[PDB]
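Okay, query.pdb is below, PDB, C-alpha atoms and all ligand atoms:
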MODEL        1
ATOM      1  CA  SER A   5      97.906 101.209  88.350  1.00  0.00           C
ATOM      2  CA  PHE A   6      96.910 101.951  92.042  1.00  0.00           C
ATOM      3  CA  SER A   7      93.888 100.095  93.394  1.00  0.00           C
ATOM      4  CA  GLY A   8      91.827 100.111  96.570  1.00  0.00           C
ATOM      5  CA  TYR A   9      92.600 103.699  97.562  1.00  0.00           C
ATOM      6  CA  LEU A  10      90.189 106.032  99.287  1.00  0.00           C
ATOM      7  CA  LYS A  11      90.235 109.480  97.621  1.00  0.00           C
ATOM      8  CA  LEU A  12      90.791 112.229 100.203  1.00  0.00           C
ATOM      9  CA  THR A  13      91.177 115.199  97.849  1.00  0.00           C
ATOM     10  CA  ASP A  14      91.668 115.988  94.144  1.00  0.00           C
ATOM     11  CA  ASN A  15      95.253 114.636  94.347  1.00  0.00           C
ATOM     12  CA  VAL A  16      95.645 112.693  97.615  1.00  0.00           C
ATOM     13  CA  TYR A  17      94.656 109.026  97.988  1.00  0.00           C
ATOM     14  CA  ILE A  18      95.095 106.705 100.989  1.00  0.00           C
ATOM     15  CA  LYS A  19      95.112 102.952 101.624  1.00  0.00           C
ATOM     16  CA  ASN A  20      95.828 100.636 104.562  1.00  0.00           C
ATOM     17  CA  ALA A  21      98.755  98.842 103.001  1.00  0.00           C
ATOM     18  CA  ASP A  22     102.309  97.777 103.537  1.00  0.00           C
ATOM     19  CA  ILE A  23     104.262 100.166 101.254  1.00  0.00           C
ATOM     20  CA  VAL A  24     106.785  97.383 100.412  1.00  0.00           C
ATOM     21  CA  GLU A  25     103.976  95.074  99.251  1.00  0.00           C
ATOM     22  CA  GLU A  26     102.294  97.942  97.473  1.00  0.00           C
ATOM     23  CA  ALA A  27     105.541  98.894  95.694  1.00  0.00           C
ATOM     24  CA  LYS A  28     106.227  95.271  94.630  1.00  0.00           C
ATOM     25  CA  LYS A  29     102.670  95.051  93.227  1.00  0.00           C
ATOM     26  CA  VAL A  30     102.408  98.421  91.442  1.00  0.00           C
ATOM     27  CA  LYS A  31     106.096  98.989  90.539  1.00  0.00           C
ATOM     28  CA  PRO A  32     105.398 102.743  90.549  1.00  0.00           C
ATOM     29  CA  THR A  33     107.613 105.347  88.925  1.00  0.00           C
ATOM     30  CA  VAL A  34     108.418 106.731  92.396  1.00  0.00           C
ATOM     31  CA  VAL A  35     108.289 105.221  95.844  1.00  0.00           C
ATOM     32  CA  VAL A  36     109.052 107.627  98.698  1.00  0.00           C
ATOM     33  CA  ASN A  37     111.303 106.523 101.511  1.00  0.00           C
ATOM     34  CA  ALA A  38     111.039 107.951 105.008  1.00  0.00           C
ATOM     35  CA  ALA A  39     114.767 108.623 105.062  1.00  0.00           C
ATOM     36  CA  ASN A  40     117.117 110.177 107.579  1.00  0.00           C
ATOM     37  CA  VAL A  41     119.915 112.614 106.614  1.00  0.00           C
ATOM     38  CA  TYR A  42     122.498 109.816 106.574  1.00  0.00           C
ATOM     39  CA  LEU A  43     120.367 107.493 104.431  1.00  0.00           C
ATOM     40  CA  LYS A  44     120.845 104.833 107.134  1.00  0.00           C
ATOM     41  CA  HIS A  45     117.818 102.628 106.445  1.00  0.00           C
ATOM     42  CA  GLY A  46     117.661 100.854 109.772  1.00  0.00           C
ATOM     43  CA  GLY A  47     114.035 100.693 110.722  1.00  0.00           C
ATOM     44  CA  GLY A  48     110.517 101.892 110.060  1.00  0.00           C
ATOM     45  CA  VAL A  49     109.622 102.327 106.411  1.00  0.00           C
ATOM     46  CA  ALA A  50     113.309 102.783 105.421  1.00  0.00           C
ATOM     47  CA  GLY A  51     114.410  99.550 107.056  1.00  0.00           C
ATOM     48  CA  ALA A  52     111.525  97.698 105.399  1.00  0.00           C
ATOM     49  CA  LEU A  53     112.152  99.169 101.908  1.00  0.00           C
ATOM     50  CA  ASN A  54     115.854  98.500 102.212  1.00  0.00           C
ATOM     51  CA  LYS A  55     115.322  94.886 103.339  1.00  0.00           C
ATOM     52  CA  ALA A  56     113.040  94.355 100.294  1.00  0.00           C
ATOM     53  CA  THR A  57     115.946  95.451  98.043  1.00  0.00           C
ATOM     54  CA  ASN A  58     118.269  92.855  99.692  1.00  0.00           C
ATOM     55  CA  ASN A  59     120.312  95.818 101.050  1.00  0.00           C
ATOM     56  CA  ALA A  60     120.981  97.212  97.539  1.00  0.00           C
ATOM     57  CA  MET A  61     119.278 100.471  98.616  1.00  0.00           C
ATOM     58  CA  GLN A  62     121.728 100.800 101.525  1.00  0.00           C
ATOM     59  CA  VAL A  63     124.763 100.060  99.332  1.00  0.00           C
ATOM     60  CA  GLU A  64     123.662 102.692  96.811  1.00  0.00           C
ATOM     61  CA  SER A  65     122.851 105.122  99.636  1.00  0.00           C
ATOM     62  CA  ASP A  66     126.270 104.743 101.287  1.00  0.00           C
ATOM     63  CA  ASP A  67     127.944 105.580  97.961  1.00  0.00           C
ATOM     64  CA  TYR A  68     125.609 108.625  97.628  1.00  0.00           C
ATOM     65  CA  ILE A  69     126.531 109.859 101.144  1.00  0.00           C
ATOM     66  CA  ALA A  70     130.246 109.223 100.583  1.00  0.00           C
ATOM     67  CA  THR A  71     130.061 111.477  97.504  1.00  0.00           C
ATOM     68  CA  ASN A  72     127.563 114.145  98.604  1.00  0.00           C
ATOM     69  CA  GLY A  73     127.415 114.191 102.364  1.00  0.00           C
ATOM     70  CA  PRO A  74     124.196 114.093 104.334  1.00  0.00           C
ATOM     71  CA  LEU A  75     120.869 115.420 103.202  1.00  0.00           C
ATOM     72  CA  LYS A  76     119.196 118.328 104.963  1.00  0.00           C
ATOM     73  CA  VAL A  77     116.158 117.705 107.193  1.00  0.00           C
ATOM     74  CA  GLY A  78     113.316 118.665 104.804  1.00  0.00           C
ATOM     75  CA  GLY A  79     115.399 117.646 101.767  1.00  0.00           C
ATOM     76  CA  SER A  80     115.494 114.727  99.421  1.00  0.00           C
ATOM     77  CA  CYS A  81     117.412 112.885  96.794  1.00  0.00           C
ATOM     78  CA  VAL A  82     116.364 110.622  93.926  1.00  0.00           C
ATOM     79  CA  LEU A  83     118.031 107.241  93.839  1.00  0.00           C
ATOM     80  CA  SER A  84     117.144 103.923  92.209  1.00  0.00           C
ATOM     81  CA  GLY A  85     113.909 102.214  93.158  1.00  0.00           C
ATOM     82  CA  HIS A  86     115.658  98.815  92.728  1.00  0.00           C
ATOM     83  CA  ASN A  87     113.024  96.037  92.555  1.00  0.00           C
ATOM     84  CA  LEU A  88     110.343  98.288  94.108  1.00  0.00           C
ATOM     85  CA  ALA A  89     109.943 101.214  91.746  1.00  0.00           C
ATOM     86  CA  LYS A  90     111.743 103.060  88.910  1.00  0.00           C
ATOM     87  CA  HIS A  91     113.034 105.607  91.483  1.00  0.00           C
ATOM     88  CA  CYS A  92     113.105 106.029  95.182  1.00  0.00           C
ATOM     89  CA  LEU A  93     112.672 109.558  96.428  1.00  0.00           C
ATOM     90  CA  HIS A  94     114.385 109.594  99.809  1.00  0.00           C
ATOM     91  CA  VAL A  95     112.720 112.358 101.768  1.00  0.00           C
ATOM     92  CA  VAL A  96     113.818 113.469 105.229  1.00  0.00           C
ATOM     93  CA  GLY A  97     110.965 114.581 107.409  1.00  0.00           C
ATOM     94  CA  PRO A  98     111.831 116.029 110.847  1.00  0.00           C
ATOM     95  CA  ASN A  99     112.311 113.422 113.561  1.00  0.00           C
ATOM     96  CA  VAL A 100     110.494 114.766 116.621  1.00  0.00           C
ATOM     97  CA  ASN A 101     112.312 112.052 118.680  1.00  0.00           C
ATOM     98  CA  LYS A 102     115.636 113.849 117.709  1.00  0.00           C
ATOM     99  CA  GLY A 103     114.108 117.290 118.589  1.00  0.00           C
ATOM    100  CA  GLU A 104     113.908 118.378 114.948  1.00  0.00           C
ATOM    101  CA  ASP A 105     111.688 121.298 113.914  1.00  0.00           C
ATOM    102  CA  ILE A 106     108.177 119.951 113.019  1.00  0.00           C
ATOM    103  CA  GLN A 107     107.849 123.102 110.809  1.00  0.00           C
ATOM    104  CA  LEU A 108     110.255 121.320 108.396  1.00  0.00           C
ATOM    105  CA  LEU A 109     107.507 118.783 107.576  1.00  0.00           C
ATOM    106  CA  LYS A 110     106.010 121.155 104.967  1.00  0.00           C
ATOM    107  CA  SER A 111     109.452 121.545 103.309  1.00  0.00           C
ATOM    108  CA  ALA A 112     109.785 117.743 103.290  1.00  0.00           C
ATOM    109  CA  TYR A 113     106.409 117.318 101.526  1.00  0.00           C
ATOM    110  CA  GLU A 114     107.339 119.997  98.962  1.00  0.00           C
ATOM    111  CA  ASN A 115     109.825 117.496  97.491  1.00  0.00           C
ATOM    112  CA  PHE A 116     106.833 115.431  96.312  1.00  0.00           C
ATOM    113  CA  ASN A 117     105.811 118.247  93.938  1.00  0.00           C
ATOM    114  CA  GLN A 118     108.756 117.453  91.668  1.00  0.00           C
ATOM    115  CA  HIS A 119     107.077 114.114  90.727  1.00  0.00           C
ATOM    116  CA  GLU A 120     103.770 113.675  88.932  1.00  0.00           C
ATOM    117  CA  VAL A 121     102.768 110.602  90.866  1.00  0.00           C
ATOM    118  CA  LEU A 122     104.212 108.948  93.970  1.00  0.00           C
ATOM    119  CA  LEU A 123     103.574 106.036  96.298  1.00  0.00           C
ATOM    120  CA  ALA A 124     104.458 107.346  99.777  1.00  0.00           C
ATOM    121  CA  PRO A 125     104.251 106.933 103.491  1.00  0.00           C
ATOM    122  CA  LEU A 126     103.161 109.742 105.847  1.00  0.00           C
ATOM    123  CA  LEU A 127     106.316 111.738 106.510  1.00  0.00           C
ATOM    124  CA  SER A 128     107.568 112.024 110.066  1.00  0.00           C
ATOM    125  CA  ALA A 129     104.979 109.448 111.219  1.00  0.00           C
ATOM    126  CA  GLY A 130     105.872 106.147 112.971  1.00  0.00           C
ATOM    127  CA  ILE A 131     109.300 106.110 114.549  1.00  0.00           C
ATOM    128  CA  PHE A 132     109.861 109.738 113.471  1.00  0.00           C
ATOM    129  CA  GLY A 133     107.511 110.712 116.293  1.00  0.00           C
ATOM    130  CA  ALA A 134     105.164 113.249 114.684  1.00  0.00           C
ATOM    131  CA  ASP A 135     101.375 113.079 114.860  1.00  0.00           C
ATOM    132  CA  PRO A 136     100.254 111.221 111.689  1.00  0.00           C
ATOM    133  CA  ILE A 137      96.977 113.229 111.611  1.00  0.00           C
ATOM    134  CA  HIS A 138      99.117 116.396 111.391  1.00  0.00           C
ATOM    135  CA  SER A 139     101.349 114.752 108.723  1.00  0.00           C
ATOM    136  CA  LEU A 140      98.293 113.942 106.584  1.00  0.00           C
ATOM    137  CA  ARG A 141      97.036 117.522 106.945  1.00  0.00           C
ATOM    138  CA  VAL A 142     100.430 118.943 105.864  1.00  0.00           C
ATOM    139  CA  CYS A 143     100.496 116.441 102.994  1.00  0.00           C
ATOM    140  CA  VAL A 144      97.074 117.490 101.657  1.00  0.00           C
ATOM    141  CA  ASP A 145      97.895 121.195 102.094  1.00  0.00           C
ATOM    142  CA  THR A 146     101.358 120.962 100.468  1.00  0.00           C
ATOM    143  CA  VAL A 147     101.439 118.271  97.817  1.00  0.00           C
ATOM    144  CA  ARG A 148      99.814 119.195  94.501  1.00  0.00           C
ATOM    145  CA  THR A 149     100.952 116.137  92.516  1.00  0.00           C
ATOM    146  CA  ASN A 150      99.202 112.730  92.776  1.00  0.00           C
ATOM    147  CA  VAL A 151     100.179 111.024  96.008  1.00  0.00           C
ATOM    148  CA  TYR A 152      99.074 107.523  96.995  1.00  0.00           C
ATOM    149  CA  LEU A 153      99.627 107.147 100.711  1.00  0.00           C
ATOM    150  CA  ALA A 154     100.187 103.705 102.203  1.00  0.00           C
ATOM    151  CA  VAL A 155      99.447 103.512 105.948  1.00  0.00           C
ATOM    152  CA  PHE A 156     100.644 100.223 107.411  1.00  0.00           C
ATOM    153  CA  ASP A 157      98.686 100.342 110.673  1.00  0.00           C
ATOM    154  CA  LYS A 158      94.871  99.559 110.151  1.00  0.00           C
ATOM    155  CA  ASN A 159      93.882 101.293 113.393  1.00  0.00           C
ATOM    156  CA  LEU A 160      95.842 104.414 112.399  1.00  0.00           C
ATOM    157  CA  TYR A 161      94.404 104.253 108.839  1.00  0.00           C
ATOM    158  CA  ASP A 162      90.854 104.203 110.294  1.00  0.00           C
ATOM    159  CA  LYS A 163      91.657 107.088 112.640  1.00  0.00           C
ATOM    160  CA  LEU A 164      93.157 109.125 109.750  1.00  0.00           C
ATOM    161  CA  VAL A 165      90.140 108.576 107.475  1.00  0.00           C
ATOM    162  CA  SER A 166      87.505 109.131 110.218  1.00  0.00           C
ATOM    163  CA  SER A 167      89.152 112.354 111.432  1.00  0.00           C
ATOM    164  CA  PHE A 168      89.936 113.774 107.939  1.00  0.00           C
ATOM    165  CA  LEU A 169      88.451 117.190 107.531  1.00  0.00           C
TER     166      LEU A 169
HETATM  167  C1  LIG A 201     110.162  98.286  89.366  1.00  0.00           C
HETATM  168  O1  LIG A 201     109.652  99.319  88.517  1.00  0.00           O
HETATM  169  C2  LIG A 201     110.496  99.853  87.581  1.00  0.00           C
HETATM  170  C3  LIG A 201     111.836  99.521  87.439  1.00  0.00           C
HETATM  171  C4  LIG A 201     112.558 100.048  86.382  1.00  0.00           C
HETATM  172  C5  LIG A 201     111.971 100.896  85.448  1.00  0.00           C
HETATM  173  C6  LIG A 201     112.757 101.407  84.265  1.00  0.00           C
HETATM  174  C7  LIG A 201     110.635 101.242  85.613  1.00  0.00           C
HETATM  175  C8  LIG A 201     109.890 100.745  86.680  1.00  0.00           C
HETATM  176  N1  LIG A 201     108.563 101.174  86.946  1.00  0.00           N
HETATM  177  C9  LIG A 201     107.561 101.264  86.008  1.00  0.00           C
HETATM  178  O2  LIG A 201     107.607 100.714  84.908  1.00  0.00           O
HETATM  179  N2  LIG A 201     106.545 102.073  86.398  1.00  0.00           N
HETATM  180  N3  LIG A 201     105.414 102.486  85.649  1.00  0.00           N
HETATM  181  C10 LIG A 201     104.507 103.395  86.085  1.00  0.00           C
HETATM  182  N4  LIG A 201     103.586 103.579  85.181  1.00  0.00           N
HETATM  183  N5  LIG A 201     103.902 102.760  84.100  1.00  0.00           N
HETATM  184  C11 LIG A 201     104.997 102.122  84.410  1.00  0.00           C
ENDMDL
END
Please express the file's structure as C-alpha cells.
Amino acid sequence: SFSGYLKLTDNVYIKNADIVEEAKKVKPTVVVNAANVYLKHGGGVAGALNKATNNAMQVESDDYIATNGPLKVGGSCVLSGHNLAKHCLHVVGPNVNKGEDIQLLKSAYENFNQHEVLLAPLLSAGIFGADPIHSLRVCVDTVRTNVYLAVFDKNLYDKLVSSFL
C-alpha cells in the first residue's frame, strides 16, 4: 500500500514524490493524470506518465479522442493505467496559462469522488499555472475519497505542508 505520506485530513495524504516512481512502486488501482482536453500528454505530469508507458498512454488516448472528441475542462475519463496502475483517471483542471476559469478546479476534483482511492497530483498546479496552495485547499474541501497526493518539488511540498490550515 501507500507509505511515507503525511496525513493532512481524514482522507487526504501528501508526499514529496515523483508520481511516476510512486505509481510504479504502488501499482495503485487509480493514478490521476493532469490531462488536457485533447489528452495530448506532452509535458508536466502527463508527459512524464505517458513517457513511463512507452507512449502507450498517448496511443490509447488518441483513439479515445478520435472516438469521443475532447474532454471538457473540469471533466475526466477513465483509461488504462498501463504499467503504472489498473486505471488512469485523466482529469482536466483549468489551465490558468490558457485563461481557463480557476472556478473549474472544484469540478475537476469532484471526479476523484468516483474512486475509493487514488494516487494523484495537485490539479492545475505546475505548468497549468494555478497556485498549488489553492489547489490543495480545493482538493481537501472537495474530495471525500482517499487521495494520496504526490508533489514532485520538495520546496513546494514543504511550503504546502507548512502553510496547510
Ligand atoms: C499496475 O497495476 C495494475 C495493473 C492491472 C491490474 C488488473 C491491476 C493493477 N493494480 C493493482 O493490482 N492494484 N491494487 C490496489 N490494491 N490492491 C491491488
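If you measure from each of A:78, A:85, A:8, A:136 to ligand LIG 201 (chain A) using all atoms listed in the file, the closest one turns out to be A:85.
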For this session: Could you give me the residues within 6 Å of ligand LIG 201 (chain A), counting all atoms listed in the file, as a VMD selection string?
Result: chain A and resid 31 to 33 87 to 90
Since we have the selection now, will you write its residues out, keeping C-alpha atoms, as a PDB file, keeping the file's coordinate frame?
ATOM      1  CA  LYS A  31     106.096  98.989  90.539  1.00  0.00           C
ATOM      2  CA  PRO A  32     105.398 102.743  90.549  1.00  0.00           C
ATOM      3  CA  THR A  33     107.613 105.347  88.925  1.00  0.00           C
ATOM      4  CA  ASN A  87     113.024  96.037  92.555  1.00  0.00           C
ATOM      5  CA  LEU A  88     110.343  98.288  94.108  1.00  0.00           C
ATOM      6  CA  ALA A  89     109.943 101.214  91.746  1.00  0.00           C
ATOM      7  CA  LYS A  90     111.743 103.060  88.910  1.00  0.00           C
TER       8      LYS A  90
END
Would you list the contacts of range 51-53 of chain A as a JSON list (two decimals) with C-alpha atoms, in the coordinates of the input, taking every protein, DNA or RNA residue within 12 Å and counting all atoms listed in the file, but skipping same-chain residues closer than 4 positions in sequence?
[["chain", "number", "residue", "atom", "x", "y", "z"],
["A", 22, "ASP", "CA", 102.31, 97.78, 103.54],
["A", 23, "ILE", "CA", 104.26, 100.17, 101.25],
["A", 24, "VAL", "CA", 106.78, 97.38, 100.41],
["A", 25, "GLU", "CA", 103.98, 95.07, 99.25],
["A", 26, "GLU", "CA", 102.29, 97.94, 97.47],
["A", 27, "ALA", "CA", 105.54, 98.89, 95.69],
["A", 28, "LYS", "CA", 106.23, 95.27, 94.63],
["A", 35, "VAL", "CA", 108.29, 105.22, 95.84],
["A", 36, "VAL", "CA", 109.05, 107.63, 98.70],
["A", 37, "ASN", "CA", 111.30, 106.52, 101.51],
["A", 38, "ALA", "CA", 111.04, 107.95, 105.01],
["A", 39, "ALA", "CA", 114.77, 108.62, 105.06],
["A", 40, "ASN", "CA", 117.12, 110.18, 107.58],
["A", 43, "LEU", "CA", 120.37, 107.49, 104.43],
["A", 44, "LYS", "CA", 120.84, 104.83, 107.13],
["A", 45, "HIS", "CA", 117.82, 102.63, 106.44],
["A", 46, "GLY", "CA", 117.66, 100.85, 109.77],
["A", 47, "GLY", "CA", 114.04, 100.69, 110.72],
["A", 57, "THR", "CA", 115.95, 95.45, 98.04],
["A", 58, "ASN", "CA", 118.27, 92.86, 99.69],
["A", 59, "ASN", "CA", 120.31, 95.82, 101.05],
["A", 60, "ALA", "CA", 120.98, 97.21, 97.54],
["A", 61, "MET", "CA", 119.28, 100.47, 98.62],
["A", 62, "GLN", "CA", 121.73, 100.80, 101.52],
["A", 84, "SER", "CA", 117.14, 103.92, 92.21],
["A", 85, "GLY", "CA", 113.91, 102.21, 93.16],
["A", 86, "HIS", "CA", 115.66, 98.82, 92.73],
["A", 87, "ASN", "CA", 113.02, 96.04, 92.56],
["A", 88, "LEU", "CA", 110.34, 98.29, 94.11],
["A", 89, "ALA", "CA", 109.94, 101.21, 91.75],
["A", 92, "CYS", "CA", 113.10, 106.03, 95.18],
["A", 93, "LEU", "CA", 112.67, 109.56, 96.43],
["A", 94, "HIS", "CA", 114.38, 109.59, 99.81],
["A", 124, "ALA", "CA", 104.46, 107.35, 99.78],
["A", 125, "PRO", "CA", 104.25, 106.93, 103.49],
["A", 131, "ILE", "CA", 109.30, 106.11, 114.55],
["A", 156, "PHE", "CA", 100.64, 100.22, 107.41]]
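Between CA of residue 117 in chain A and CA of residue 148 in chain A there is a distance of 6.1 Å.
Here the PyMOL selection byres (((chain A and resi 132) around 7) and not hetatm) captures the residues residues 99, 100, 101, 128, 129, 130, 131, 133 and 134 of chain A.
Picture a line from CA of residue 164 in chain A to CA of residue 137 in chain A; it runs 5.9 Å.
Proximity to residue 19 in chain A at 10 Å, evaluated using all atoms listed in the file and with sequence-adjacent residues fewer than 4 positions away removed, yields residues 6, 7, 8, 9, 10, 11, 23, 26, 152, 153, 154, 155, 156, 158, 161, 162 and 165 of chain A.
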Extending 4 Å beyond the listed atoms of range 66-85 of chain A on each side, what axis-aligned box results? I want centre and edge lengths in Å to one decimal, as JSON.
{"center_x": 121.8, "center_y": 110.4, "center_z": 99.7, "size_x": 24.9, "size_y": 24.5, "size_z": 23.0}
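Distance-wise, CA of residue 81 in chain A and CA of residue 145 in chain A end up 21.9 Å apart.
Closest approach to residue 83 in chain A from the set A:140, A:64, A:13, A:104 is made by A:64, with distances taken over all atoms listed in the file.
Once the PyMOL selection byres (((chain A and resi 142) around 10) and not hetatm) is applied to this file, the selection holds residues 107, 109, 110, 111, 112, 113, 114, 126, 127, 136, 137, 138, 139, 140, 141, 143, 144, 145, 146 and 147 of chain A.
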Exercise. If the PyMOL selection byres (((chain A and resi 150) around 9) and not hetatm) is run on the structure shown, which residues does it catch, given as an NGL selection string?
Worked result: :A and (14-17 or 116-117 or 119-123 or 147-149 or 151-152)
Suppose we keep C-alpha atoms; can you now write the selection as a tab-separated table (two decimals), keeping the file's coordinate frame?
chain	number	residue	atom	x	y	z
A	14	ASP	CA	91.67	115.99	94.14
A	15	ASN	CA	95.25	114.64	94.35
A	16	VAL	CA	95.64	112.69	97.62
A	17	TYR	CA	94.66	109.03	97.99
A	116	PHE	CA	106.83	115.43	96.31
A	117	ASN	CA	105.81	118.25	93.94
A	119	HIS	CA	107.08	114.11	90.73
A	120	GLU	CA	103.77	113.68	88.93
A	121	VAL	CA	102.77	110.60	90.87
A	122	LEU	CA	104.21	108.95	93.97
A	123	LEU	CA	103.57	106.04	96.30
A	147	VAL	CA	101.44	118.27	97.82
A	148	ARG	CA	99.81	119.20	94.50
A	149	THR	CA	100.95	116.14	92.52
A	151	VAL	CA	100.18	111.02	96.01
A	152	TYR	CA	99.07	107.52	97.00
Exercise. Of the candidates A:18, A:68, A:77, A:169, which one gets nearest to residue 103 in chain A if we count all atoms listed in the file?
Worked result: A:77
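If only C-alpha atoms are the atoms counted, then among A:49, A:41, A:63, A:70 the closest residue to residue 98 in chain A is A:41.
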Can you pull range 105-125 of chain A out of that block with N, CA, C and O atoms and hand it back as a PDB file, in the first residue's frame?
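Writing done, so here's out-v9.pdb:
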ATOM      1  N   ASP A 105     -11.147  29.200 -16.561  1.00  0.00           N
ATOM      2  CA  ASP A 105     -11.760  29.575 -15.298  1.00  0.00           C
ATOM      3  C   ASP A 105     -11.244  28.709 -14.133  1.00  0.00           C
ATOM      4  O   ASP A 105     -11.539  27.513 -14.079  1.00  0.00           O
ATOM      5  N   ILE A 106     -10.497  29.336 -13.185  1.00  0.00           N
ATOM      6  CA  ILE A 106      -9.992  28.668 -11.982  1.00  0.00           C
ATOM      7  C   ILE A 106     -11.144  28.055 -11.164  1.00  0.00           C
ATOM      8  O   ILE A 106     -10.935  27.076 -10.449  1.00  0.00           O
ATOM      9  N   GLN A 107     -12.378  28.612 -11.277  1.00  0.00           N
ATOM     10  CA  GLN A 107     -13.543  28.052 -10.594  1.00  0.00           C
ATOM     11  C   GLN A 107     -13.849  26.614 -11.020  1.00  0.00           C
ATOM     12  O   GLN A 107     -14.441  25.862 -10.247  1.00  0.00           O
ATOM     13  N   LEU A 108     -13.327  26.183 -12.203  1.00  0.00           N
ATOM     14  CA  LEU A 108     -13.495  24.819 -12.676  1.00  0.00           C
ATOM     15  C   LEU A 108     -12.606  23.814 -11.931  1.00  0.00           C
ATOM     16  O   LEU A 108     -12.771  22.618 -12.123  1.00  0.00           O
ATOM     17  N   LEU A 109     -11.697  24.287 -11.049  1.00  0.00           N
ATOM     18  CA  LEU A 109     -10.839  23.379 -10.324  1.00  0.00           C
ATOM     19  C   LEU A 109     -11.655  22.499  -9.368  1.00  0.00           C
ATOM     20  O   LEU A 109     -11.365  21.312  -9.247  1.00  0.00           O
ATOM     21  N   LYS A 110     -12.710  23.053  -8.749  1.00  0.00           N
ATOM     22  CA  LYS A 110     -13.545  22.232  -7.869  1.00  0.00           C
ATOM     23  C   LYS A 110     -14.240  21.120  -8.659  1.00  0.00           C
ATOM     24  O   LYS A 110     -14.210  19.964  -8.250  1.00  0.00           O
ATOM     25  N   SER A 111     -14.789  21.472  -9.845  1.00  0.00           N
ATOM     26  CA  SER A 111     -15.410  20.453 -10.716  1.00  0.00           C
ATOM     27  C   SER A 111     -14.408  19.365 -11.102  1.00  0.00           C
ATOM     28  O   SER A 111     -14.738  18.185 -11.088  1.00  0.00           O
ATOM     29  N   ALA A 112     -13.146  19.768 -11.368  1.00  0.00           N
ATOM     30  CA  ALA A 112     -12.124  18.794 -11.724  1.00  0.00           C
ATOM     31  C   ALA A 112     -11.880  17.809 -10.568  1.00  0.00           C
ATOM     32  O   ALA A 112     -11.844  16.588 -10.760  1.00  0.00           O
ATOM     33  N   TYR A 113     -11.746  18.352  -9.331  1.00  0.00           N
ATOM     34  CA  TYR A 113     -11.539  17.477  -8.173  1.00  0.00           C
ATOM     35  C   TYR A 113     -12.733  16.575  -7.878  1.00  0.00           C
ATOM     36  O   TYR A 113     -12.556  15.477  -7.367  1.00  0.00           O
ATOM     37  N   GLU A 114     -13.949  17.027  -8.237  1.00  0.00           N
ATOM     38  CA  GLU A 114     -15.130  16.179  -7.994  1.00  0.00           C
ATOM     39  C   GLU A 114     -15.037  14.829  -8.695  1.00  0.00           C
ATOM     40  O   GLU A 114     -15.567  13.837  -8.216  1.00  0.00           O
ATOM     41  N   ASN A 115     -14.288  14.761  -9.814  1.00  0.00           N
ATOM     42  CA  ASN A 115     -14.108  13.479 -10.496  1.00  0.00           C
ATOM     43  C   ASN A 115     -13.470  12.426  -9.588  1.00  0.00           C
ATOM     44  O   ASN A 115     -13.706  11.228  -9.730  1.00  0.00           O
ATOM     45  N   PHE A 116     -12.622  12.885  -8.631  1.00  0.00           N
ATOM     46  CA  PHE A 116     -11.943  11.947  -7.744  1.00  0.00           C
ATOM     47  C   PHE A 116     -12.922  11.180  -6.858  1.00  0.00           C
ATOM     48  O   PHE A 116     -12.612  10.081  -6.415  1.00  0.00           O
ATOM     49  N   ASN A 117     -14.100  11.778  -6.593  1.00  0.00           N
ATOM     50  CA  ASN A 117     -15.078  11.134  -5.716  1.00  0.00           C
ATOM     51  C   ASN A 117     -15.703   9.882  -6.274  1.00  0.00           C
ATOM     52  O   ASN A 117     -16.331   9.142  -5.539  1.00  0.00           O
ATOM     53  N   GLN A 118     -15.488   9.605  -7.570  1.00  0.00           N
ATOM     54  CA  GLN A 118     -15.994   8.375  -8.165  1.00  0.00           C
ATOM     55  C   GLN A 118     -15.062   7.189  -7.927  1.00  0.00           C
ATOM     56  O   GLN A 118     -15.350   6.099  -8.396  1.00  0.00           O
ATOM     57  N   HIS A 119     -13.934   7.380  -7.187  1.00  0.00           N
ATOM     58  CA  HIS A 119     -12.947   6.348  -6.955  1.00  0.00           C
ATOM     59  C   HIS A 119     -12.598   6.304  -5.492  1.00  0.00           C
ATOM     60  O   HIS A 119     -12.318   7.351  -4.915  1.00  0.00           O
ATOM     61  N   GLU A 120     -12.629   5.109  -4.897  1.00  0.00           N
ATOM     62  CA  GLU A 120     -12.379   4.988  -3.465  1.00  0.00           C
ATOM     63  C   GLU A 120     -11.019   5.457  -3.031  1.00  0.00           C
ATOM     64  O   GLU A 120     -10.892   6.025  -1.945  1.00  0.00           O
ATOM     65  N   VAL A 121     -10.003   5.182  -3.842  1.00  0.00           N
ATOM     66  CA  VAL A 121      -8.656   5.565  -3.505  1.00  0.00           C
ATOM     67  C   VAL A 121      -7.900   5.921  -4.774  1.00  0.00           C
ATOM     68  O   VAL A 121      -8.022   5.244  -5.804  1.00  0.00           O
ATOM     69  N   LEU A 122      -7.133   7.007  -4.711  1.00  0.00           N
ATOM     70  CA  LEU A 122      -6.388   7.466  -5.891  1.00  0.00           C
ATOM     71  C   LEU A 122      -5.029   7.961  -5.496  1.00  0.00           C
ATOM     72  O   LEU A 122      -4.862   8.584  -4.438  1.00  0.00           O
ATOM     73  N   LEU A 123      -4.075   7.783  -6.399  1.00  0.00           N
ATOM     74  CA  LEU A 123      -2.754   8.416  -6.339  1.00  0.00           C
ATOM     75  C   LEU A 123      -2.892   9.589  -7.308  1.00  0.00           C
ATOM     76  O   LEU A 123      -3.309   9.367  -8.458  1.00  0.00           O
ATOM     77  N   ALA A 124      -2.576  10.818  -6.891  1.00  0.00           N
ATOM     78  CA  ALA A 124      -2.832  11.973  -7.732  1.00  0.00           C
ATOM     79  C   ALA A 124      -1.851  13.080  -7.576  1.00  0.00           C
ATOM     80  O   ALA A 124      -1.258  13.235  -6.512  1.00  0.00           O
ATOM     81  N   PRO A 125      -1.737  13.916  -8.605  1.00  0.00           N
ATOM     82  CA  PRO A 125      -1.007  15.161  -8.449  1.00  0.00           C
ATOM     83  C   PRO A 125      -1.989  16.274  -8.047  1.00  0.00           C
ATOM     84  O   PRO A 125      -3.213  16.066  -8.078  1.00  0.00           O
TER      85      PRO A 125
END
